[PDB]
Amino acid sequence: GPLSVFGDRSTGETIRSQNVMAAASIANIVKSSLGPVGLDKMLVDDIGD
Amino acid sequence: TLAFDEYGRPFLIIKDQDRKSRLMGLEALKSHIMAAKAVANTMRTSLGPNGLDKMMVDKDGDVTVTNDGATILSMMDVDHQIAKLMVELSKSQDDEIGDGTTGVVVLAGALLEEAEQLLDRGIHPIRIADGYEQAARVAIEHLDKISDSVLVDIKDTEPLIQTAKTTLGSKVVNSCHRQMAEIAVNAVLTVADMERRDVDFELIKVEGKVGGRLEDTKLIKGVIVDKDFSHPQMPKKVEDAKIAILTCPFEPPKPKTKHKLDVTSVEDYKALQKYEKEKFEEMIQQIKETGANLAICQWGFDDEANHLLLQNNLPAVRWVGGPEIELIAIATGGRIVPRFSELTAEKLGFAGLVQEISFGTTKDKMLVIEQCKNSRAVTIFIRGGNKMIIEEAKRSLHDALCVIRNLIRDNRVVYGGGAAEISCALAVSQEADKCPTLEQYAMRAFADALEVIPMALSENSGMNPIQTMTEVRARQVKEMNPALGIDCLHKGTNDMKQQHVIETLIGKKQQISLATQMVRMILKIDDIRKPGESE
Amino acid sequence: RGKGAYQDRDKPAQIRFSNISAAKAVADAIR
Amino acid sequence: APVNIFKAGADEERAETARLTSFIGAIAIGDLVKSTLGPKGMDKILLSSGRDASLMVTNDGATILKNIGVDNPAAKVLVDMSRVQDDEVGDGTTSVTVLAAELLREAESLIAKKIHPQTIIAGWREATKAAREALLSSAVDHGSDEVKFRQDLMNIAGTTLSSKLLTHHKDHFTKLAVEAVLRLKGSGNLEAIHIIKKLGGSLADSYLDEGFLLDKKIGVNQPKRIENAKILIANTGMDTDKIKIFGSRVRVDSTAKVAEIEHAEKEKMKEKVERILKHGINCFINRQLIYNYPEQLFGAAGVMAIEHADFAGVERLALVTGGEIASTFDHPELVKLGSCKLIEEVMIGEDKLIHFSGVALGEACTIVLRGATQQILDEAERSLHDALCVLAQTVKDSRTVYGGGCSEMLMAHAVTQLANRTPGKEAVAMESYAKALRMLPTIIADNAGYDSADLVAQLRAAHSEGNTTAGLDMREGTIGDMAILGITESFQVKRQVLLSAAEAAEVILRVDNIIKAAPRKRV
Amino acid sequence: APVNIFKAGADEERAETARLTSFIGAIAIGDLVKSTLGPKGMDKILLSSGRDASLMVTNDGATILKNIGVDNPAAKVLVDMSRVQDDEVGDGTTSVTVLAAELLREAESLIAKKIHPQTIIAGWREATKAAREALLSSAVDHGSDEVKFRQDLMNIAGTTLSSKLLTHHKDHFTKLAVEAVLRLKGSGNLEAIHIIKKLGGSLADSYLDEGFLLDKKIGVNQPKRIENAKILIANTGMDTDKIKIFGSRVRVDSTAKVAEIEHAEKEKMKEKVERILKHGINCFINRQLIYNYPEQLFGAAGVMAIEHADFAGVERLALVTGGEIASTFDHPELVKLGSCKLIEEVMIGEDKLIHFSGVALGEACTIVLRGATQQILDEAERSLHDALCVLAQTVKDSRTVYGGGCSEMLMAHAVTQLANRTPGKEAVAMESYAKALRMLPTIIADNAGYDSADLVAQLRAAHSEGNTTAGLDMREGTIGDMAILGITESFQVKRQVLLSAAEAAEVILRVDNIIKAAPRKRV
Ligand SMILES: Nc1ncnc2c1ncn2[C@@H]1O[C@H](COP(=O)(O)OP(=O)(O)O)[C@@H](O)[C@H]1O
Ligand SMILES: Nc1ncnc2c1ncn2[C@@H]1O[C@H](COP(=O)(O)OP(=O)(O)O)[C@@H](O)[C@H]1O
Ligand SMILES: Nc1ncnc2c1ncn2[C@@H]1O[C@H](COP(=O)(O)OP(=O)(O)O)[C@@H](O)[C@H]1O
Ligand SMILES: [Mg+2]
Ligand SMILES: [Mg+2]
Ligand SMILES: [Mg+2]
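One line per chain: the protein sequences are A, B, C, D and E, in this order.
Following the UniProt record's numbering from start to finish, the first sequence increments by one per residue and tops out at 51.
Following the UniProt record's numbering from start to finish, the second sequence increments by one per residue and tops out at 540.
Following the UniProt record's numbering from start to finish, the third sequence increments by one per residue and tops out at 49.
Following the UniProt record's numbering from start to finish, the fourth sequence increments by one per residue and tops out at 529.
Following the UniProt record's numbering from start to finish, the fifth sequence increments by one per residue and tops out at 529.
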């Protein structure tokens, strides 16, 4: 009947809404570090750096 | 993303959303058709007189071989909500008419298979559903063209027998195809109220006992109960029975409240012995003063009352059921008496040969009522070689009792064997061009799905579907359309009027009406919100 | 007469529909 | 339905494994009890895994199939088929199981021939109709001339007991089975012949009692034997009556009135026994229990008292003595008493039983089965039950047919004669019906060790030109006349073997889909 | 041996489940490939559970059984039987599997008849001896009059390719198979016909090349086409020789002597190429790899250089050009060169191959199979391999028999004529041998959907009185003459179907005990 792939398939407006939230997840991070009133961040690693 | 927001917060809408299943897509309609076609392909092989039966096993290990479409889909463990609606579709045909429970599932799966190719062309699913309503309306009006019956329930039982042979021809009762067909005709006409056109199936008792053969099934005018003569020396044959039906146990009268009767002296204890000794002589004499020679009691008997039955020559049965004695008072014309003091000669029942019959080596000894006087209650005694052939004959003959009931509700008939489906398919194709504005493709998908039922009869009979259907459909256009179908041994010609394949009008009228509305509820759905695992 | 009857009680009538339904899912995936 | 399965734990199959599991499960049932068919077939011993296994050896095909518990769905139809055969005629439960399995084995041969299964059903319905006329036209009736009917009844019991454990006891057990039904002189109730199984002694030491045997010996201080007595039985309560008034207490003011009530209770129990001895009796049988207060009253009057025999024990005493139950004692002129000669107690297997020797109107018997083990007594009881049930229906239907393979070749000849007057669509299914009827003398011939390929070929050549009474002689291993050797069976037994196997094979052959549901508590 | 078992993890069975598992496991092999027999039979698709499953559709019965991996012990005898049939004659691997299974299916019918299994073996040895005389007396030889032998060879390839995927390609693929063996003009080595499978195009676009195709294209700066050239091949090392003295070093005192040694190494490698071009050649094929230093020497002289074709690629070039391998270059008067006309490069499926057009003494071919998918190319290669192997043996043994069911009815008639001249002990085994030979035209007739119950019955009535060339016509669905329609098979192919199935059924029927040992790493 359906596709017999062993992975995962998502069609329609599901991925069309997921790619915007994937791009907005990156833009909402770097929005606080733009311009002369922007502020720096902290990038802490698992090893402690 | 799912279960997380773009700001890092957890995104939870409903509870346990990770173990949910939701499909809107374009395959949500495709999953409903592939689940419904597999039910229709299962029921396709059990259609017609050459339809092969199915073996159903219950959860307890009991095996029942069924052929009717109502009991097949009901005894499944299908956990699919689209196929569960096909179970209630075959149940709705059994509750209303009760003859086309197999054909209403193949027709519903045929409308969804033709709608699959219409869905890929870009047609809206409600536009197909609105096109099926305008196409099924033509099939209802065309089915009422040729319809006539001459049943008078006096001597013209010949249209009634040939109507029941169409229903019993597909079951396993074809060895008794003439004997058992006449049983279901006379069982309805003796209990039906022709002034109201109402038939009550509570008056038709269907009992079964293993032993004998299928040819030993007789229509017993009366009642058949388990006889429980408390005395083993009771006479087992009454020639003329004045039946005294009572609902009081043969005992001293016990009240319904708490009494705690007090005994003080020895004169009160000797009064206890004379009270019960005169009570058992009063309950026996009040039956003999009415002239009765047979008693029926719902409750038990006392040991002191058992020997008083033999001294007065009064046979009596013990521990009869609730609705069983309700059938005795109608078959014998008597009245059910609450007490013993209200017994009279007018409340007695009349019966002829009252006897018990032992079946082989068992100890059942069922009641056989041969003679009666204007009874309104009959009992069919189904015998067979095993319990598989009896429980199926209880389901096969019940479909034969329903098609006679539908003739009293509506005295119009059609001709089966695929003759009515080909004639209705030509009516939709003629009105598809008047006018082919929007719903031209939806009406032609209805006419191509109406031809699945006669081409399934050609497949089960060993013929070719597209070769036999093209010959029958072309002969109805070149001349005026007769009752032209098919058969298994084909009986020579293909004329259904000569082969006496007669079906009810309202049977096929509800086959097209219920399958169209069930298709509309499974086409007008674009989401599934089923859960995941059980726990 | 019916001029014969060819009873085909075997497997691959159902597997032939399995190859059809699987190829329809591929054509509808890249549609 | 296998593709995109919409079931939870249930599985199904359509036209591929449906008829495959139906033909495997039904042949393996028929091949199981194949070795128990015939006068030289062996027996089975049935055992469980434990927890009071209760081993029960049986040769009858109904008792084997009712205890195995087959998990196959189509095999339960043949199990239920042999259950009705034991309940209706009591014989041929093994013969109806092999015949229904040989029909489906010939139907499995029609799988590769591409025959439609509805054509085999229509071909077997015409074959069964031709086989009913073969048994009906060959049935031998017996009206008057009763010295030939009693000789015919010994051929029925001699044929049934030859296929059981009672092989070399046909000189005794045939007389124990014919005279038991002959003493009924009426309807075949099949409960007046009370079979008592006692250990010790051989099967030749078993006998039919001329009177009646019972348990629950005569009182404490009562006489053990009374000559020329009048037997009165009862079904009434003796002591601790609590007579039919629920919600009645003894509410007194002093304890001296309680002594007057309990003396008045014992006076009414004494007056009830005084109403019993006004009939002039010497023995008393009560279905209920007799306590100590009426037991002293019967012992002082010299009257026996048999307490709590059985619920069906007073029914057999009413048929062997000629009395009535008489649960109420208020009219001595309307109560008929029994008759006997000796009520002495006999000892059978170190157990004292009450022997009702010399009874009048004795329409009841008592078979005293004595065997080496309990396994022999459980087999000889079912072997005698398979012989008494046929003789109880042979006196109701006196039509008899010639058994020993002679009836099966008469049925197979009528099908083959009408198979040549049919077109080739249904003629192949009728030839498979006649081949399965010839398998029933083939199983009997091969169980003894004879040449089954030649003896059935000699039976088919004999029945093709005359010889309507020619059958299989299992004594010497040849073909002989069945009217001379005296190997006959009942007509209703041989009809139910043919008719129930044709109906049961019709159900399984019409199955194209086996949809079994998900079972409970099986993981 | 089951009772008081003296084994650790091994089990066995004797005479009850030994022949039961042998008859179930062998029929299920024969009923599997039953649907692939005949010119209207379907094909199978073989798949694994994963881990490079490599799906390979095959209709030939040898390739199906060699990849399924049956766990049954007796089924591996029939699996190995079809492997030998593919290795000897290359055809009839499906026909020998069903025939060996139909012998054991008739031997399962002799279980209930109580026939001794050694009587069935001795009955089949006389039946197989009579069946050899039916094929030997009906074989049609072809000596002179070669215009009727080439028409007879196209009937062999037309019958073999009719039961494969090449159904509607008999107008093309018959000429590709007959002319491939006809261009050998000698022994059937079955390796000069190199089949090249390329994607793109239909099966009608496939063709037989008039020359020869190769890979590993001509150098870097070498000419791509030379007209009227002399082809010289080789099997020698070009560069980095390390010539045959293990334990030889260059032990010098300064690095200036290493420059003189490596210049002396390149002078001897240049002198080796100068000995090659003294023959007067234009093309060079080396089985080993050609490095950069001799590649510049062949490019400067205008000589081609084909490096590392194949180990068996220089054998096909030696048979298509008429030369020799010539691994040593020291005698130009004793080295025979090849001959060609065009060595142009052709492009088949976006791949440039070297076309040896116009070669002399071309006893080698190249079939360029073009298909829609790789599954068709893997099936058409095995379909052509099953067609070229029969024509390679038909030119060695010109005896041909009439196929299409005509040969099996001739073999079954000779057994039935001698089944009536035998005593009844072995006559029943010979009748089962003749019924199994008639199943082979029954499987072909039922695969198309025809009435197999009537067509084989008409073939038995035709062969009973004359009609030695009457067979089954699968085109219209009737009975026709096989000499007119031209449906013939080879005698050695039909003999190995009869002989190997009778020997393999002799082994499995003689097994009464299957003692399987404890397997390793299975728990
Ligand atoms: N003698 C006959 N000739 C042709 N067709 C027949 C004959 N008898 C029955 N049929 C067909 O067989 C079908 C059986 O339908 P059935 O399964 O009984 O419907 P339901 O399940 O609603 O009872 C009918 O539609 C009828 O047209
Ligand atoms: N003396 C005899 N000669 C020939 N055949 C006999 C003789 N006695 C019994 N048989 C055969 O043995 C068979 C026994 O069948 P049985 O197992 O009793 O059937 P069921 O189980 O239905 O009672 C009968 O069919 C009968 O024909
Ligand atoms: N044109 C034809 N007419 C009749 N029969 C044919 C024709 N072509 C092939 N056949 C039959 O089909 C069968 C195919 O057998 P095959 O599967 O090739 O055997 P194997 O696997 O041993 O090569 C042959 O036995 C042959 O008799
Ligand atoms: Mg019906
Ligand atoms: Mg018996
Ligand atoms: Mg071949």
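Note that the Cβ used here is the ideal one computed from N, Cα and C, for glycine as well.
Subject >> Nearest-angstrom Cα separation, counted from residue 79/D out to residue 75/B >> reply: To locate residue 75/B, count along the second sequence from 1; it is residue 70. To locate residue 79/D, count along the fourth sequence from 1; it is residue 73. Approximately 21 Å between the Cα atoms of the pair.
**OP:** Closer than 7 Å by beta-carbon distance: list the chain D residues that pair up with residue 458/E, in chain order.
**Re:** What you label residue 458/E is simply residue 452 of the fifth sequence in a count that begins at 1. Per Cβ cutoff of 7 Å: 120.
Original post:
Should residue 166/D be counted as a contact of ligand 5 given a C-beta to heavy atom distance under 6 Å?
Top reply: Counting from 1 along the fourth sequence, the entry for residue 166/D is found at position 160. Yes, the Cβ of residue 166/D comes within 6 Å of a heavy atom of ligand 5.
**OP:** Specify the secondary structure class of residue 407/B as computed by DSSP and reduced to three states.
**Re:** The residue you call residue 407/B lines up with position 402 of the second sequence. Helix.
Original post:
Considering only residues of the stretch 74 to 147 of chain E, which uninterrupted alpha helix (DSSP H) runs meet the minimum length of 4 residues and lie entirely inside it, listed in chain order?
Top reply: 81 to 94, 99 to 115, 123 to 143
Original post:
Regarding residue 233/B and ligand 2, is the C-beta to nearest heavy atom distance less than 6 Å?
Top reply: Counted from its first residue, the second sequence places residue 233/B at position 228. Residue 233/B Cβ: outside cutoff for every heavy atom of ligand 2.
**OP:** Could you say which of 44/D, 258/D, 297/D lies nearest to residue 166/D if we only look at CA atoms?
**Re:** Reading the fourth sequence from its first residue, position 160 is the one you call residue 166/D. Minimum Cα distance to residue 166/D is reached at 44/D.
Original post:
Do three or more CB pairs link the stretch 329 to 340 of chain E to the stretch 248 to 266 of chain E at distances below 8 Å?
Top reply: no
**OP:** Report the option in 212/E, 137/E, 428/E, 502/E whose CA atom is closest to the CA atom of residue 177/E.
**Re:** Working through the fifth sequence from its first residue, we reach residue 177/E at position 171. Minimum Cα distance to residue 177/E is reached at 212/E.
**OP:** Can you grab the Cα-Cα spacing for the pair residue 440/E / residue 432/E, in whole Å?
**Re:** By one-based count along the fifth sequence, residue 440/E stands at place 434. By one-based count along the fifth sequence, residue 432/E stands at place 426. Cα to Cα, residue 440/E sits roughly 13 Å from residue 432/E.
**OP:** Compare the C-beta of residue 14/A against all C-beta atoms of chain C and say whether one is closer than 7 Å.
**Re:** On the first sequence, residue 14/A is found 12 positions in, with the first residue counted as 1. No, residue 14/A does not count as interfacial toward chain C.
Original post:
Counting only beta-carbon atoms, is residue 30/A nearer than 7 Å to chain B?
Top reply: Within the first sequence, residue 30/A is the residue found at index 28, counting from 1. Judged by the 7 Å Cβ criterion, residue 30/A is in contact with chain B.
Original post:
Taking the Cβ atom as the reference point for each residue, do residue 98/E and residue 421/E lie within a distance shorter than 7 Å?
Top reply: Numbered from 1 along the fifth sequence, position 92 holds the residue referred to as residue 98/E. Numbered from 1 along the fifth sequence, position 415 holds the residue referred to as residue 421/E. Taking 7 Å as the Cβ cut-off, residue 98/E and residue 421/E do not qualify as a contacting pair.
**OP:** Taking only heavy atoms of ligand 6 into account, decide whether any of them is closer than 6 Å to the Cβ of residue 169/E.
**Re:** Within the fifth sequence, the letter at position 163 stands for residue 169/E. Indeed, a heavy atom of ligand 6 lies less than 6 Å from the Cβ.
Subject >> Which listed residue (353/D, 386/D, 445/D) has its alpha carbon closest to that of residue 377/D >> reply: By one-based count along the fourth sequence, residue 377/D stands at place 371. Minimum Cα distance to residue 377/D is reached at 386/D.
Original post:
Hey, which residues come within less than 6 Å of ligand 4, measuring from Cβ to any heavy atom, in chain order?
Top reply: 104/B, 172/B, 175/B, 404/B
Original post:
Since residue 465/B is in the alpha helix (DSSP H), which residue starts that stretch and which ends it?
Top reply: Here residue 465/B corresponds to residue number 460 of the second sequence, with the count starting at 1. It spans 457 to 465 - the alpha helix (DSSP H) in which residue 465/B sits, taken as one unbroken run.
**OP:** Figure out for me which residue from 40/D, 307/D, 291/D, 388/D has the closest Cα to the Cα of residue 349/D.
**Re:** One-based indexing of the fourth sequence puts residue 349/D at position 343. Comparing Cα-Cα distances from residue 349/D to each of 40/D, 307/D, 291/D, 388/D, the minimum goes to 291/D.
Original post:
Quick check: the stretch 90 to 105 of chain B against the stretch 425 to 434 of chain B, are there 3 or more CB pairs under 8 Å?
Top reply: no
**OP:** Out of 18/D, 13/D, 184/D, 62/D, point me to the one whose CA is closest to residue 380/D's CA.
**Re:** Here residue 380/D is taken as the residue at index 374 of the fourth sequence, counted from 1. Ranking 18/D, 13/D, 184/D, 62/D by Cα distance to residue 380/D puts 62/D first.
Subject >> Rounded separation between residue 157/B and residue 322/B - CA only >> reply: As a working mapping, residue 157/B is identified with position 152 in the second sequence. As a working mapping, residue 322/B is identified with position 317 in the second sequence. Near 40 Å, if we compare the C-alpha coordinates of residue 322/B and residue 157/B.
**OP:** For residue 200/E, count neighbouring Cβ atoms within 10 angstroms of its own Cβ and tell me buried if that reaches 16, exposed if not.
**Re:** The residue given as residue 200/E occupies position 194 in the fifth sequence. Per the 10 Å Cβ criterion, buried.
**OP:** Taking only heavy atoms of ligand 2 into account, decide whether any of them is closer than 6 Å to the Cβ of residue 43/D.
**Re:** Locating residue 43/D in the fourth sequence gives position 37, counting from the first residue. True, at least one ligand heavy atom lies under 6 Å from that Cβ.
Subject >> Per-residue contacts from residue 455/E into chain C (C-beta, under 9 Å) >> reply: Here residue 455/E refers to the residue found at position 449 when the fifth sequence is read from its first residue. Those are 24, 26, listed as they occur along chain C.
Original post:
Taking three-plus beta-carbon pairs below 8 Å as touching, is the stretch 179 to 190 of chain B in contact with the stretch 387 to 405 of chain B?
Top reply: yes
Original post:
Just by C-beta distance, which residues in the stretch 27 to 44 of chain C are closer than 8 Å to chain D?
Top reply: 27, 28, 29, 32, 35, 36, 39
Original post:
For residue 446/B, which residues from the same chain have a beta carbon less than 8 Å from its beta carbon, with the 5 sequence-adjacent residues on both sides left out?
Top reply: Mapped onto the second sequence, residue 446/B falls at position 441. The residues are 123, 126, 128, 136.
Original post:
For residue 139/E, which residues from the same chain have a beta carbon less than 7 Å from its beta carbon, with the 5 sequence-adjacent residues on both sides left out?
Top reply: What you label residue 139/E is simply residue 133 of the fifth sequence in a count that begins at 1. The answer, listed in chain order, is 420.
Original post:
Taking the alpha carbon of residue 150/E as the point to measure from, which residue in 417/E, 404/E, 15/E has its own alpha carbon closest?
Top reply: Taking the first residue of the fifth sequence as 1, we reach residue 150/E at position 144. Residue 404/E is the option with its Cα nearest to residue 150/E.
Original post:
Counting only beta-carbon atoms, is residue 3/A nearer than 7 Å to chain C?
Top reply: As a working mapping, residue 3/A is identified with position 1 in the first sequence. Taking Cβ atoms only, chain C reaches closer than 7 Å to residue 3/A, which makes this a yes.
Subject >> Nearest to residue 38/C (by Cα), restricted to the options 39/A, 45/A, 3/A, 44/A >> reply: Position 20 of the third sequence holds residue 38/C. It is 3/A whose Cα lies nearest to the Cα of residue 38/C.
Original post:
Of all Cβ atoms in chain D, is any one closer than 7 Å to the Cβ of residue 218/B?
Top reply: On the second sequence, position 213 is the one that residue 218/B refers to. At least one chain D Cβ lies under 7 Å of residue 218/B.
**OP:** Look up residue 200/D in the DSSP assignment and give the residues it is bridged to.
**Re:** For the purposes of this step, residue 200/D is taken as the residue at position 194 of the fourth sequence. Answer is 372/D.
Original post:
Are the C-beta atoms of residue 9/D and some chain C residue less than 7 Å apart?
Top reply: Within the fourth sequence, the letter at position 3 stands for residue 9/D. Yes - at least one Cβ of chain C is within 7 Å of the one on residue 9/D.
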